[PDB]
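Participant: What follows is a single structure, and I will ask about it in a moment.
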Amino acid sequence: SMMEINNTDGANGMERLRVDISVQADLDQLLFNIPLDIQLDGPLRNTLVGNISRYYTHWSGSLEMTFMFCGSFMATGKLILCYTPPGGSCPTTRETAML
Amino acid sequence: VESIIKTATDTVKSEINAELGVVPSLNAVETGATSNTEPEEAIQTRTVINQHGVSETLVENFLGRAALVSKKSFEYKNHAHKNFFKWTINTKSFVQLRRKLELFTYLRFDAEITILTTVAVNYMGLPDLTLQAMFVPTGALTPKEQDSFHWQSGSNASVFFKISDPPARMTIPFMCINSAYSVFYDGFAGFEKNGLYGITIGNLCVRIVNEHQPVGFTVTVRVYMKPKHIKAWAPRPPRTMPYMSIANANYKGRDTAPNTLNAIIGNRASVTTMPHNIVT
Amino acid sequence: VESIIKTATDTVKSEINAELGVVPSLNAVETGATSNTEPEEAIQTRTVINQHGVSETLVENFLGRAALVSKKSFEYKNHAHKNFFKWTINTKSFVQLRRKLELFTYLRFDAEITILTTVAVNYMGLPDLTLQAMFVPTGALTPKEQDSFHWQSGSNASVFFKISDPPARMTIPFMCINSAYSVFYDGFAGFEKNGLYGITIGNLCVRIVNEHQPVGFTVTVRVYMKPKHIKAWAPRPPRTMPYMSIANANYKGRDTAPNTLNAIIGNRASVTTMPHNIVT
Amino acid sequence: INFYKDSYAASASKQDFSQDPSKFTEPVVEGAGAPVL
Amino acid sequence: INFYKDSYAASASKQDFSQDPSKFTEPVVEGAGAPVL
Amino acid sequence: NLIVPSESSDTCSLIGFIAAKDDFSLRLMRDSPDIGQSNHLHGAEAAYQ
Amino acid sequence: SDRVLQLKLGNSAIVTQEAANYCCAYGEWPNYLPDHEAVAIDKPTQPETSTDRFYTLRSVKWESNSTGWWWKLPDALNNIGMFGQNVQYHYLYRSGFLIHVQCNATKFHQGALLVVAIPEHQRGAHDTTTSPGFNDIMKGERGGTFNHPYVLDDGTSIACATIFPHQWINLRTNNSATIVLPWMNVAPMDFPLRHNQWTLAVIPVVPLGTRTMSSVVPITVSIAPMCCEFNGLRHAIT
Amino acid sequence: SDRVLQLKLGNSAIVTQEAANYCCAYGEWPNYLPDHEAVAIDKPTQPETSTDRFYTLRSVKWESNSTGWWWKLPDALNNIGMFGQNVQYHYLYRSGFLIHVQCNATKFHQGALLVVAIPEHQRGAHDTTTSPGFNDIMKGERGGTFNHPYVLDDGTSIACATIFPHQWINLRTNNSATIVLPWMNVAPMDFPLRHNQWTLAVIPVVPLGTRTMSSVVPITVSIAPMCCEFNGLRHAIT
Amino acid sequence: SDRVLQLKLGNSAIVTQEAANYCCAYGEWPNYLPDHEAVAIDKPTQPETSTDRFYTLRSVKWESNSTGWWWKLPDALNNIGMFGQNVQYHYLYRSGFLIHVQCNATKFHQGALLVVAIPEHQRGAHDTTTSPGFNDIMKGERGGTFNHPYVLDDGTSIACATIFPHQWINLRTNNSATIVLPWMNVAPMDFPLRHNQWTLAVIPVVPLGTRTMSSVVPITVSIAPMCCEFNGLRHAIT
Ligand SMILES: Cc1cc(CCCOc2c(C)cc(-c3noc(C(F)(F)F)n3)cc2C)on1
Ligand SMILES: Cc1cc(CCCOc2c(C)cc(-c3noc(C(F)(F)F)n3)cc2C)on1
């Protein structure tokens, strides 16, 4: 189900369900991150997995995030999605996230 | 396709991959199918014999909990709700139960009903009153008074219980005229257009059989329902906007996030802002 | 090594000993091993068929006793703790239970919970009130008022009981996210440094479901816990200094022996003084 | 078991461990790592 | 025995009579009355 | 980088989805913090009339 | 080879060269009512080809600020062709549906439509305690539009709507969606004029966009009832 | 022949000619995590020789008025060599430990050190209700010292500390202690930066004494992780 | 079906939908050092997943007047992640490499990059008798650029560079190149800090061009060491 990744002021309704990315001027740009809070309100809370899990207290298992690019056919690009196990601060550079 | 699952699936060790024409991590959301990428195909995994049980998420258990469906308090005294009340049965009055039931489109289940009673003086002690809960099906006559003939309950099912006894309890069979209850109904109740849109079991009539005392008391009856022998069909998007009516799905949303019609999830500064970031 | 022991070991008759190179009574504490000198090797023994059972010291029994883990009294009246309380569950508040649990490092067990209730007037008689104990797991919303929606308990487990009934009782399964409970934790709760050192089950919320009476009463709820189906690991040095906090092992010691930080055992005149010497 | 004469009065049925997620996760007609298109 | 459906609801288990003291009394690698050194 | 020609929108959207795999497991049921009630719902009291 | 598809029912056929496989609601497939599940005892009429065929409704224009569209079944078809006639002349009906939503644009266009078949989609009114009226629900061939697609006009959420049988039309990927719906109800048959089993919702989660020549981008819905059966013949409730 | 011993792991080796046999905590021995006990599904890294080797910490001076020393594992090593690197780059770790405490003097010296490996040694603060702070607990390679060894700084007692895996260094008898520690936890793996499985405590129950030439008598600790495994690779939390 | 490819090593994976098959340098494939070819007698550490994974370096911008870029292995990675750590803590290393260079544009863009892995690419200085200096050679993650790509900055020629393991990224055809490099040396292992086995060179033989909207076209390099082995453990030469 859809993650409300764009949960920001100024984004209303469905605008909150899509993340807009544009042609960059700089390299290795950070586009966005996703708080993995299922207990604390966040992009994952109002999802099928999120909603049902919140009826329980303990969880175990792998999750999967799928992103669908909805630009035009003539649009191209390569992105890197990184999952960082806990321990430190959320990475802000690709050099770090990439690890 | 179908199979018996008693524990979470195990994980198999996976090796390095570099195969042409094979791209397990690529998918097509447009098909309507959920990604079928296995962990073993996305990264190198080890072997794991997973013994985690999956019993607690069985529908029978998920819905198998007694929940408050009705709560009514009235005055037990000399009325010169007159020492009894009539409740048009419904399962849409209390949000906790309602939301769970509404996670499904259709539900077939027998209902275990438990009735809890409490009393308070309006102090000389609490009376151990006798009550009668009578199930008056659709079309039957409902009591007009605390002592009307209706209470002789010749065919209706009645249960008499004392306040000092454990809560009363009985099972209501799955009683729909269909193979399952319609948790949602995208239709009208009658053949005319003025009918009611969306969404009859009957009336639960409860009275105190004791005549009134010299003083007044407040009596509260709480009814709980626990579905069992459950079968469910077609899961649905969970309710997010606060409920407004027991008669419909009307919505308005909270005044401020979360759960405002404008934004279900509360806001964060930006899409690159990590809310509870660890500052080591 | 491992074996089934149902009774104390027997004793075998031993003879005179005068063997060179054999010194059973000599040991080396430095090895970390306890002396392995048998009575038969230290003195001349007779044969004894020992039938003393060893059941009472089975861990299952040693810890298998209902102990007070929580005690709370509040005012049941018109509050114009408002007729209910919320307790953040822990097993470190009462020393008797605490000390026994702390004789082990890790413990795996199911917990039998018993709830005892008593009431006293603030005399016209004692009301047979109905209470509701609701287990609110970590992350769930706790009741804000005696009658807030939280009490409809649609998924949380609740138990309703009357003061006139026997104490309420149910079993809480071993619910740790690990294979065993950590009686001691040499670590921090969070990823940041400001976290709490040492040592979440949830909250036990108890309310009186009856509306308030014309007069006030004091209601006391005592909760007892009895572990069962017990498995224990790594025994530990028993607590000697009085406890100070439920949140840590901080110590100060009594003002005077015994159990003062300075001396655990009370003093005697000298190492050659026999305290309760028999003066025949 | 059940001492009442009506079977619907019986206790809960917590033994139905069968399931078929695919009816929700893969409701597509045409069924590895090959391009889904 | 146990009339509840969950096995953890059962009564106490007072039949585990096995034990191995040596894991606490003799945790030394190299195992009579001969000098321990 | 995201590269597009002149006639394509130079700002595109992504939609993110999430799901559990079959190795998932949930325990210890509790009431969801996602729904609450402050008053009677409209019509709830009229059920007694 | 799963991007190409032809559907043929009765005297109607549809092809698409940019499909995304196709969905079979809950993995089921339409079928006639078996004797061991039947209730109405009168011998039913099974029109086959005159009712089990594609009916194309009027198109809608996908605009930059569109909120989404919906069509309720069988209401949307209760007045079209022989299907509509049988529905008007019979008290009871039963059928599956083959849904094909179509929308094409340019390789310079972007946009994504969620095409979902919602069973028993009971609508809710916004900011009022009054339940939706007859005209708010029964739109017929024209269908209606969403006021608050974000919550599917029922207080839930479009985010989790994927729990229902669906597909998407992502312009850079495909130009049509196909969903096969079996009979969905708690009864073997139903009265077609006062109850809708399914609701077809087409919502633009990602708005239509482009920098090329602007042109009208329509969305068209074609629906074909399947395995139709009718019982309780009488006069027509036109 | 149990007074002589050589330990060899990776590129490191230690010998002692005055040992007292050696202790295997709870009679166990380190081993890798078996599939039927595993939780983290990512394939782990087993560095072997680069991490499973002896690391020698800075020595401490045994003084006439010393109260005792302690080192928490894995904290004491979280910043040493390749072991430390793996720990900083991985969220999860797992390992046993081979502990070798060494202290020699003269046949004219006397003193006895209790060398005990305490599982989950949760410290307590003295005469205050405030729980110990981060810096009170995480000392790293330097380790800490006991304030009230008599009660093991936790309100219990050193007298009963022998219930834990241990050995003694009694100067007239031996000059080293060796303890092999298996993985000790309620979980198959753990986060190395916020939790210490074992605490090595060296306490002088019998003070150092002699009437001969006075000289500095050091106590040295060498620890070798065993069967190291790491999961949850990411950047380093230096 | 050879235009689509997924590479998976450790906790990293890469896919490409516009590949050009992929090259296996000299038809070989990485493998661990066999006993009959070994020299260093100490037991090696084989980190596997913590080192054998994709590391992505900072991107470079492909400009109209670019001359080309290069990265030397293992120098480029000697300071990245656990690979870098092992390299700093060990005297000897050995490994293959999986190279994936990526660059996408538009169907209106043109340009062709020669992506070649040069073994022992010993650079030469231009118009001077003085040999290149340390800083001229060791660029680390940033890599360097060609001064005279025409002669591969070594007096030879890019025209014949195809004699080395390579692929091309011709914008109208593909958007990535993949080269699998086995261990290439005259010795079974080597000291990672003073010698580079391979040099990854990406040279624009056909400049980037287009008449459509101008945008930054990056070139990104991701390298994954394979079958890593390390010997000669000591302190880190940071
Ligand atoms: C939709 C839908 C409909 C249902 C059925 C709810 C049935 O519950 C009622 C019924 C039928 C009977 C009683 C009842 N209370 O007391 C008695 C007795 F008197 F017969 F014992 N019956 C209480 C409720 C809430 O569940 N979901
Ligand atoms: C550490 C550690 C943790 C534990 C678990 C103690 C569990 O006990 C609690 C729990 C979980 C539930 C109740 C409880 N009381 O009432 C209910 C009911 F309402 F669910 F019945 N649950 C009471 C205590 C003390 O034991 N040692």
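Residue numbers start at 1 in each chain; chains themselves are named A, B, ... in the order of the structure tokens; ligands are numbered from 1 in the order shown.
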Do a neighbour search on stretch 22-32 of chain A at 6 Å with only C-alpha atoms, toss out local chain neighbours closer than 4 positions, and write the hits as a list in words.
Facilitator: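 Once the adjacent positions are removed, what remains is residues 271 and 272 of chain B; 2, 10 and 11 of chain F.
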Participant: Set the cut-off to 10 Å, count only C-alpha atoms and all ligand atoms, and list whatever residues fall near ligand 1 as a CSV table (one decimal) with N, CA, C and O atoms, in the first residue's frame.
Facilitator:
```csv
chain,number,residue,atom,x,y,z
B,68,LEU,N,-17.2,-3.8,23.8
B,68,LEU,CA,-18.4,-3.1,24.2
B,68,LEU,C,-19.2,-2.7,23.0
B,68,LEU,O,-18.7,-2.1,22.1
B,69,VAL,N,-20.5,-3.1,22.9
B,69,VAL,CA,-21.3,-2.7,21.8
B,69,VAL,C,-22.5,-1.9,22.3
B,69,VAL,O,-23.1,-1.2,21.5
B,70,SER,N,-22.8,-1.9,23.6
B,70,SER,CA,-23.9,-1.1,24.1
B,70,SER,C,-23.7,-0.7,25.5
B,70,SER,O,-23.2,-1.5,26.4
B,87,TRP,N,-33.3,-1.1,23.2
B,87,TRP,CA,-32.2,-0.7,22.3
B,87,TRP,C,-32.2,-1.4,21.0
B,87,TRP,O,-32.3,-2.6,20.8
B,88,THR,N,-32.2,-0.5,19.9
B,88,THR,CA,-32.3,-1.1,18.6
B,88,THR,C,-30.9,-1.5,18.3
B,88,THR,O,-30.0,-0.7,18.0
B,89,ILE,N,-30.6,-2.8,18.3
B,89,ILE,CA,-29.3,-3.4,18.1
B,89,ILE,C,-28.6,-3.0,16.9
B,89,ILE,O,-29.1,-2.9,15.8
B,90,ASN,N,-27.3,-2.6,17.1
B,90,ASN,CA,-26.4,-2.2,16.0
B,90,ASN,C,-25.0,-2.4,16.5
B,90,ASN,O,-24.7,-2.4,17.7
B,91,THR,N,-24.0,-2.5,15.6
B,91,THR,CA,-22.6,-2.7,16.0
B,91,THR,C,-21.7,-1.5,15.5
B,91,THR,O,-20.5,-1.7,15.3
B,92,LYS,N,-22.4,-0.4,15.4
B,92,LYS,CA,-21.7,0.8,14.9
B,92,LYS,C,-21.6,2.0,15.9
B,92,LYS,O,-21.1,3.1,15.6
B,98,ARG,N,-16.2,-1.2,16.0
B,98,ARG,CA,-16.6,-0.9,14.7
B,98,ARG,C,-15.5,-0.9,13.7
B,98,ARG,O,-15.6,-1.5,12.6
B,101,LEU,N,-14.4,-4.5,12.8
B,101,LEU,CA,-15.3,-5.2,12.0
B,101,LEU,C,-15.2,-4.6,10.6
B,101,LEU,O,-15.3,-5.3,9.6
B,106,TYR,N,-17.4,-8.6,4.3
B,106,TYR,CA,-18.4,-9.6,4.7
B,106,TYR,C,-17.8,-10.4,5.9
B,106,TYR,O,-16.7,-10.8,5.9
B,107,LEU,N,-18.7,-10.7,6.9
B,107,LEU,CA,-18.3,-11.5,8.0
B,107,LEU,C,-19.5,-12.5,8.4
B,107,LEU,O,-20.6,-12.1,8.5
B,108,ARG,N,-19.1,-13.7,8.7
B,108,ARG,CA,-20.0,-14.7,9.1
B,108,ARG,C,-19.5,-15.2,10.5
B,108,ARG,O,-18.4,-15.7,10.6
B,109,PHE,N,-20.4,-15.1,11.5
B,109,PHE,CA,-19.9,-15.5,12.8
B,109,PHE,C,-21.1,-15.6,13.8
B,109,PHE,O,-22.1,-14.9,13.6
B,110,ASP,N,-20.9,-16.4,14.8
B,110,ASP,CA,-21.9,-16.6,15.9
B,110,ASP,C,-21.4,-15.5,16.9
B,110,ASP,O,-20.2,-15.2,17.0
B,111,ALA,N,-22.4,-14.9,17.7
B,111,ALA,CA,-22.0,-13.9,18.6
B,111,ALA,C,-22.3,-14.2,20.1
B,111,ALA,O,-23.4,-14.5,20.5
B,112,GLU,N,-21.2,-14.2,20.8
B,112,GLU,CA,-21.3,-14.4,22.3
B,112,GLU,C,-21.6,-13.1,22.9
B,112,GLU,O,-20.8,-12.2,22.8
B,113,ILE,N,-22.7,-13.0,23.6
B,113,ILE,CA,-23.1,-11.8,24.3
B,113,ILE,C,-22.9,-11.9,25.8
B,113,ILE,O,-23.4,-12.9,26.4
B,114,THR,N,-22.3,-10.9,26.3
B,114,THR,CA,-22.1,-10.8,27.8
B,114,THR,C,-22.7,-9.5,28.3
B,114,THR,O,-22.4,-8.4,27.8
B,115,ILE,N,-23.5,-9.6,29.4
B,115,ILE,CA,-24.2,-8.4,29.9
B,115,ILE,C,-23.7,-8.1,31.3
B,115,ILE,O,-23.9,-8.9,32.3
B,132,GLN,N,-34.1,-8.4,33.5
B,132,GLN,CA,-34.6,-9.3,32.4
B,132,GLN,C,-34.2,-8.6,31.1
B,132,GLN,O,-34.5,-7.5,30.9
B,133,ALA,N,-33.4,-9.3,30.3
B,133,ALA,CA,-33.0,-8.9,29.0
B,133,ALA,C,-33.8,-9.7,28.0
B,133,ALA,O,-33.6,-10.9,28.0
B,134,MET,N,-34.6,-9.1,27.3
B,134,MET,CA,-35.4,-9.8,26.3
B,134,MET,C,-35.1,-9.4,24.9
B,134,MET,O,-35.1,-8.3,24.5
B,135,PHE,N,-34.8,-10.5,24.1
B,135,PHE,CA,-34.5,-10.2,22.7
B,135,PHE,C,-35.8,-10.2,21.9
B,135,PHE,O,-36.4,-11.2,21.7
B,136,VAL,N,-36.1,-9.0,21.4
B,136,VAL,CA,-37.3,-8.8,20.6
B,136,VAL,C,-36.9,-8.7,19.1
B,136,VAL,O,-36.5,-7.6,18.7
B,137,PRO,N,-37.1,-9.8,18.4
B,137,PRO,CA,-36.7,-9.8,17.0
B,137,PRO,C,-37.5,-8.8,16.2
B,137,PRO,O,-38.6,-8.3,16.6
B,156,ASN,N,-40.2,-15.1,22.9
B,156,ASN,CA,-39.0,-14.4,22.8
B,156,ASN,C,-38.1,-15.0,23.8
B,156,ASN,O,-38.5,-15.7,24.7
B,157,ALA,N,-36.8,-14.9,23.6
B,157,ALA,CA,-35.8,-15.4,24.5
B,157,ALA,C,-35.5,-14.3,25.5
B,157,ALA,O,-35.2,-13.2,25.1
B,158,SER,N,-35.6,-14.7,26.8
B,158,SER,CA,-35.3,-13.7,27.8
B,158,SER,C,-34.3,-14.3,28.8
B,158,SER,O,-34.2,-15.6,28.9
B,159,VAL,N,-33.5,-13.5,29.4
B,159,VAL,CA,-32.5,-14.0,30.4
B,159,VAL,C,-32.7,-13.1,31.6
B,159,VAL,O,-32.7,-11.9,31.6
B,160,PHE,N,-32.9,-13.8,32.8
B,160,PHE,CA,-33.0,-13.1,34.0
B,160,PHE,C,-31.7,-13.3,34.8
B,160,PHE,O,-31.2,-14.4,34.9
B,168,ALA,N,-24.3,-11.9,32.7
B,168,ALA,CA,-25.1,-12.9,32.0
B,168,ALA,C,-24.4,-13.2,30.7
B,168,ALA,O,-23.6,-12.4,30.2
B,169,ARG,N,-24.6,-14.4,30.1
B,169,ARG,CA,-24.0,-14.7,28.9
B,169,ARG,C,-24.7,-15.8,28.1
B,169,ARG,O,-25.1,-16.8,28.6
B,170,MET,N,-24.8,-15.6,26.8
B,170,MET,CA,-25.4,-16.6,25.8
B,170,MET,C,-24.8,-16.3,24.5
B,170,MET,O,-24.2,-15.3,24.2
B,171,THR,N,-25.0,-17.3,23.6
B,171,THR,CA,-24.5,-17.2,22.2
B,171,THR,C,-25.6,-16.9,21.2
B,171,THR,O,-26.6,-17.7,21.2
B,172,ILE,N,-25.5,-15.9,20.4
B,172,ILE,CA,-26.5,-15.6,19.4
B,172,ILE,C,-25.9,-16.2,18.1
B,172,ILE,O,-24.8,-15.9,17.7
B,173,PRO,N,-26.6,-17.1,17.5
B,173,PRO,CA,-26.1,-17.8,16.3
B,173,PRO,C,-25.9,-16.8,15.1
B,173,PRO,O,-26.5,-15.7,15.2
B,174,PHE,N,-25.2,-17.1,14.1
B,174,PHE,CA,-25.0,-16.3,12.9
B,174,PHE,C,-26.5,-16.3,12.4
B,174,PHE,O,-27.0,-17.3,12.0
B,175,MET,N,-27.1,-15.1,12.5
B,175,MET,CA,-28.5,-15.1,12.1
B,175,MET,C,-28.9,-14.3,10.8
B,175,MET,O,-30.1,-13.9,10.7
B,176,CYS,N,-28.0,-14.0,10.0
B,176,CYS,CA,-28.3,-13.2,8.8
B,176,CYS,C,-29.2,-14.1,7.9
B,176,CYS,O,-29.2,-15.3,7.9
B,180,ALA,N,-23.7,-14.4,4.9
B,180,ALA,CA,-22.8,-13.6,5.8
B,180,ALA,C,-23.3,-12.2,6.0
B,180,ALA,O,-24.2,-11.8,5.2
B,181,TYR,N,-22.9,-11.6,7.1
B,181,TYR,CA,-23.3,-10.3,7.4
B,181,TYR,C,-22.6,-9.3,6.4
B,181,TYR,O,-21.5,-9.6,6.0
B,182,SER,N,-23.3,-8.2,6.1
B,182,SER,CA,-22.7,-7.2,5.2
B,182,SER,C,-22.2,-6.1,6.1
B,182,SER,O,-23.0,-5.4,6.6
B,183,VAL,N,-20.9,-6.1,6.3
B,183,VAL,CA,-20.3,-5.0,7.1
B,183,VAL,C,-20.6,-3.7,6.4
B,183,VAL,O,-20.7,-2.6,7.0
B,184,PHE,N,-20.6,-3.7,5.1
B,184,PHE,CA,-20.9,-2.5,4.3
B,184,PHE,C,-21.9,-2.9,3.2
B,184,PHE,O,-22.0,-4.0,2.7
B,199,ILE,N,-26.4,0.3,5.3
B,199,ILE,CA,-27.1,-0.5,6.3
B,199,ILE,C,-28.6,-0.9,5.9
B,199,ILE,O,-28.9,-1.7,5.1
B,200,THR,N,-31.4,-5.4,9.7
B,200,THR,CA,-32.1,-5.2,11.0
B,200,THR,C,-32.1,-6.5,11.9
B,200,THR,O,-32.6,-7.5,11.4
B,201,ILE,N,-31.6,-6.4,13.1
B,201,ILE,CA,-31.5,-7.5,14.0
B,201,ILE,C,-32.7,-7.5,14.9
B,201,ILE,O,-33.3,-8.6,15.1
B,202,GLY,N,-33.0,-6.4,15.5
B,202,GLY,CA,-34.1,-6.3,16.4
B,202,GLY,C,-33.8,-5.3,17.6
B,202,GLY,O,-33.0,-4.4,17.5
B,203,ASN,N,-34.5,-5.6,18.7
B,203,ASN,CA,-34.4,-4.8,19.9
B,203,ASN,C,-34.0,-5.6,21.1
B,203,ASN,O,-34.6,-6.7,21.4
B,204,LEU,N,-33.1,-5.1,21.9
B,204,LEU,CA,-32.7,-5.7,23.2
B,204,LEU,C,-33.5,-4.9,24.2
B,204,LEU,O,-33.2,-3.7,24.4
B,205,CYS,N,-34.4,-5.5,24.9
B,205,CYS,CA,-35.2,-4.8,25.9
B,205,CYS,C,-34.8,-5.2,27.3
B,205,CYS,O,-34.8,-6.4,27.6
B,206,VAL,N,-34.3,-4.3,28.1
B,206,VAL,CA,-33.9,-4.6,29.5
B,206,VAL,C,-34.6,-3.8,30.5
B,206,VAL,O,-34.8,-2.6,30.4
B,223,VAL,N,-23.3,-4.0,27.4
B,223,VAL,CA,-23.4,-5.3,26.6
B,223,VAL,C,-22.1,-5.5,25.8
B,223,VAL,O,-21.6,-4.5,25.1
B,224,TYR,N,-21.5,-6.7,25.9
B,224,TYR,CA,-20.3,-7.0,25.1
B,224,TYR,C,-20.6,-8.1,24.1
B,224,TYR,O,-21.4,-9.0,24.3
B,225,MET,N,-19.9,-8.0,23.0
B,225,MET,CA,-20.0,-9.0,21.9
B,225,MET,C,-18.7,-9.5,21.5
B,225,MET,O,-17.7,-8.8,21.3
B,226,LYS,N,-18.6,-10.9,21.4
B,226,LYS,CA,-17.4,-11.5,20.9
B,226,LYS,C,-17.8,-12.5,19.8
B,226,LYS,O,-18.4,-13.5,20.0
B,227,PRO,N,-17.3,-12.2,18.6
B,227,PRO,CA,-17.6,-13.1,17.5
B,227,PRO,C,-16.8,-14.3,17.6
B,227,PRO,O,-15.6,-14.3,18.0
```
Participant: I want to know what sits within 8 Å of stretch 5-14 of chain D, based on only C-alpha atoms, with residues of the same chain fewer than 6 positions away left out; could you give that as a JSON list (two decimals) with C-alpha atoms, in the first residue's frame?
Facilitator:
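Wrote part_23.json, looks like this:
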```
[["chain", "number", "residue", "atom", "x", "y", "z"],
["B", 55, "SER", "CA", -1.63, -18.00, 15.48],
["B", 58, "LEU", "CA", -5.70, -15.83, 12.70],
["B", 60, "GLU", "CA", -10.69, -16.07, 14.56],
["B", 61, "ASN", "CA", -8.38, -14.52, 17.13],
["B", 64, "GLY", "CA", -12.28, -13.06, 18.74],
["B", 110, "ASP", "CA", -21.86, -16.55, 15.90],
["B", 171, "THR", "CA", -24.51, -17.15, 22.20],
["B", 173, "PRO", "CA", -26.08, -17.77, 16.26],
["B", 228, "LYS", "CA", -16.61, -16.73, 17.12],
["B", 229, "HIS", "CA", -16.58, -19.43, 14.40],
["B", 230, "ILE", "CA", -15.52, -16.59, 12.13]]
```
Participant: Quick check for you: according to DSSP on this backbone, which residues of chain F are classed as strand (DSSP E or B)? Reply as a ChimeraX atom specification.
Facilitator: /F:3,11-20,25-29,42
Participant: Grab the residues selected above and save them as a tab-separated table (two decimals), in the first residue's frame with N, CA and C atoms.
Facilitator:
```tsv
chain	number	residue	atom	x	y	z
F	3	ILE	N	16.95	12.74	-16.17
F	3	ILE	CA	17.12	13.48	-17.41
F	3	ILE	C	15.90	13.36	-18.31
F	11	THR	N	9.78	17.62	-13.75
F	11	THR	CA	9.53	17.29	-12.36
F	11	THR	C	8.63	16.07	-12.43
F	12	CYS	N	9.09	14.96	-11.87
F	12	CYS	CA	8.31	13.73	-11.90
F	12	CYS	C	8.03	13.21	-10.50
F	13	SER	N	7.01	12.37	-10.38
F	13	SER	CA	6.64	11.83	-9.08
F	13	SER	C	6.94	10.36	-8.93
F	14	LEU	N	7.17	9.94	-7.69
F	14	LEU	CA	7.40	8.54	-7.36
F	14	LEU	C	6.29	8.20	-6.39
F	15	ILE	N	5.86	6.95	-6.40
F	15	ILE	CA	4.86	6.52	-5.44
F	15	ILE	C	5.52	5.37	-4.72
F	16	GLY	N	5.59	5.46	-3.40
F	16	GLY	CA	6.22	4.40	-2.63
F	16	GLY	C	5.20	3.50	-1.96
F	17	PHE	N	5.42	2.20	-2.04
F	17	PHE	CA	4.52	1.23	-1.41
F	17	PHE	C	5.34	0.40	-0.44
F	18	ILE	N	4.67	-0.19	0.54
F	18	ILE	CA	5.37	-1.04	1.49
F	18	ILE	C	4.48	-2.22	1.82
F	19	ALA	N	5.11	-3.34	2.16
F	19	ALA	CA	4.39	-4.55	2.50
F	19	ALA	C	5.29	-5.47	3.31
F	20	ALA	N	4.68	-6.46	3.95
F	20	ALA	CA	5.41	-7.43	4.73
F	20	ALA	C	5.63	-8.64	3.84
F	25	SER	N	5.66	-11.81	11.30
F	25	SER	CA	4.92	-12.36	12.43
F	25	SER	C	4.54	-11.22	13.39
F	26	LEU	N	3.31	-11.24	13.88
F	26	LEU	CA	2.85	-10.21	14.81
F	26	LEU	C	2.35	-10.83	16.12
F	27	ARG	N	2.68	-10.22	17.25
F	27	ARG	CA	2.24	-10.76	18.54
F	27	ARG	C	1.73	-9.71	19.52
F	28	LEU	N	1.00	-10.20	20.52
F	28	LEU	CA	0.47	-9.39	21.60
F	28	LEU	C	-0.49	-8.30	21.14
F	29	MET	N	-1.73	-8.71	20.94
F	29	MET	CA	-2.77	-7.82	20.47
F	29	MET	C	-3.11	-6.73	21.48
F	42	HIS	N	-23.42	10.37	16.29
F	42	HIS	CA	-24.77	10.80	15.97
F	42	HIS	C	-25.66	9.58	15.77
```
Participant: Would you mind listing what lies within 6 Å of stretch 174-191 of chain G as an MDAnalysis selection string, with only C-alpha atoms counted and same-chain residues fewer than 4 positions away left out?
Facilitator: (chainID B and resid 178:180) or (chainID G and resid 18:19 22:25 29:30 91:104 167 169:170)
Participant: Using only C-alpha atoms, select each residue of chain G with any atom at most 9 Å away from an atom of chain F, and give the selection as a PyMOL selection string.
Facilitator: chain G and resi 107-111+129+159+205-206+209-213
Participant: Up to 8 Å from chain C, what residues of chain E turn up? Count only C-alpha atoms and give them as a list in words.
Facilitator: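 On the chain E side, the interface is residues 8, 9, 11, 12, 13, 14, 16, 17, 18, 19, 20, 21, 22, 24, 25, 26, 27, 28, 32, 33, 34, 35, 36 and 37 of chain E.
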